[PDB]
């Protein structure tokens, strides 16, 4: 299993590598600079945030996480296990999200997932353990690795927007080939695909 690649501290090297693909050379120059992501000091809390916010507006997502933070002991595994399913519903969580949050907390206290020690674990091992939680599939696990843990080399082949972008920009090409070239910077490449979609949604000119 590939060794864990550290988060980027700057994007200069990444953009030069990606810019070897003339499609990304254009996309990166049209979209400009993207902020450098810092790996979270609290993977558990960031997982709960992600789960809680799913399908909600940005303001609603922040609000509900704020209500979780307000429960006794906050967004900490042992504390969350002492809150009733009824009081978790009470903060506004769907039953599906209650079950996911309880399952994640339970996995933390039982040692099934060691959220304090993810940094040494290869992407696929972290993914496999997250996937075993109800309501967390591969896509959610991969989004977590990319955005929460700031891992540099994640291409989520289940992300509709990424796949549509590759289809659009590289018609007739094998996506596995296209995206392999971007390694070891598939996460930044993905973020530039999402940025390009947002650019097009704002009225931008196509490639």
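Numbering follows the first chain given and starts at 1.
As the entry records it, the average C-alpha temperature factor is higher for 71 to 79, out of 95 to 103 and 71 to 79. Higher mean CA temperature factor between 26 to 34 and 144 to 152: 26 to 34, per the PDB entry. Ranking 9, 190, 197, 19 by the C-alpha B-factor listed in the PDB entry places 9 at the top.
As recorded in the PDB entry, 59 shows the highest C-alpha B-factor of the residues 49, 163, 181, 59. Among the modelled residues of its chain, residue 131 has a C-alpha B-factor that falls in the lowest third, as given in the PDB entry. Ranked by Cα temperature factor within the chain, residue 206 sits in the middle third according to the deposited record.
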